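Encoded as structure tokens, the following chain is the form deposited without its partner chain, with no partner shown.
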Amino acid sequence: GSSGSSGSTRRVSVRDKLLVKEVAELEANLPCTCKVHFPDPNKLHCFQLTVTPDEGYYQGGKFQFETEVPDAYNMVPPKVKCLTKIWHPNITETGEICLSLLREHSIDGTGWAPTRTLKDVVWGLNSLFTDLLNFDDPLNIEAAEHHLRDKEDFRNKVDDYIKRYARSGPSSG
């Protein structure tokens, strides 16, 4: 029923089963652009996610993302932070993400819910460099300023920001 105004310390119950079940179908539903890998089974909540878009500016830019699943889950959205450095306006150079679905009770409207899963939360992180790519209220200004002044220089710089601390490997150019 209703629960609040009290400590919440109960060994994982639903989450666990919610992960193993999802995480599984996720590795099967995942597109041919993203790659997930779990270092240790004991801990499912925390895992390593990879996203390498074959289109746009980052046509060949490999990046990693660390997703965290709290106890609330699927009551609450998992905390995801970028590990690699990218000149993306939405994903700061440090490791910050700006996803709506990953917003609690998003006062706006579009936030998280027990309807979606780690499968949908990942699909978006992949579009962050395809469609979602917005240049209005991004996390990093510079990234956006470089696009406003010049759309070419913006994409050109990316190439470097990639090979700098990100490499994919040999591929038909």
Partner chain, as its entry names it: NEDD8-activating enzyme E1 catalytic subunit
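Numbering follows the first chain given and starts at 1.
There is another form of this protein, the form deposited with its partner chain bound, and it is not shown here; the text below is about that form.
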Partner-proximal stretch of 58 to 66, 107 to 115, 41 to 49, 120 to 128 relative to its partner chain in the deposited bound form, 4.5 angstroms, heavy atom: 41 to 49
Touches its partner chain in the deposited bound form: residue 132 (any heavy atom, 4.5 Å): no
Residue 34 within 4.5 Å of its partner chain in the deposited bound form, heavy atoms: no
Heavy atom of residue 159 within 4.5 Å of its partner chain in the deposited bound form: no
Interface membership of residue 164, its partner chain in the deposited bound form, 4.5 Å heavy atom rule: no
